[PDB]
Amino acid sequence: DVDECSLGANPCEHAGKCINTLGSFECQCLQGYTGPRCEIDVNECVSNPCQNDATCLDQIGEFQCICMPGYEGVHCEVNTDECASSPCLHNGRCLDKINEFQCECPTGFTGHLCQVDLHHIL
């Protein structure tokens, strides 16, 4: 037997661990590397994990998503609820949109956030 893990070069790529066997050898790859000699940097983005027009970053052993505005979450799968902070004053009904919200104001109030009091006028 030749110990392939004790020759001039490590036959395993991307710093995989070489393990000698009788008649051959094997590679123990670092996370994110595949192939008999760890030759392939796995594409973690190949199944399109990033949703809603997000950008997928293909990294070592992982992906990361960069979300479009209005979206959040590991997969950009959550439409952020802009109504969650109750931005509409005076019990205005908050309507959630994409990176935006609308307020439907009760009688006597107007403006984007229902700020403007009209009661004195009428």
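Position 1 is the first residue in the sequence shown; the rest follow in order.
- As recorded in the PDB entry, 113-121 is the stretch of 113-121 and 4-12 with the greater mean C-alpha temperature factor.
- Remark: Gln64 belongs to the lowest third of its chain, ranked by C-alpha B-factor as recorded.
- When the modelled residues of the chain are ordered by C-alpha B-factor, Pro87 sits in the middle third.
- Compared with the other modelled residues of the chain, the Cα B-factor recorded for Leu95 ranks in the middle third.
- In the deposited entry, the Cα temperature factor of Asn48 places it in the middle third of its chain's modelled residues.
- Residue-level temperature factors show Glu39 in the highest third of its chain, judged at the C-alpha atom.
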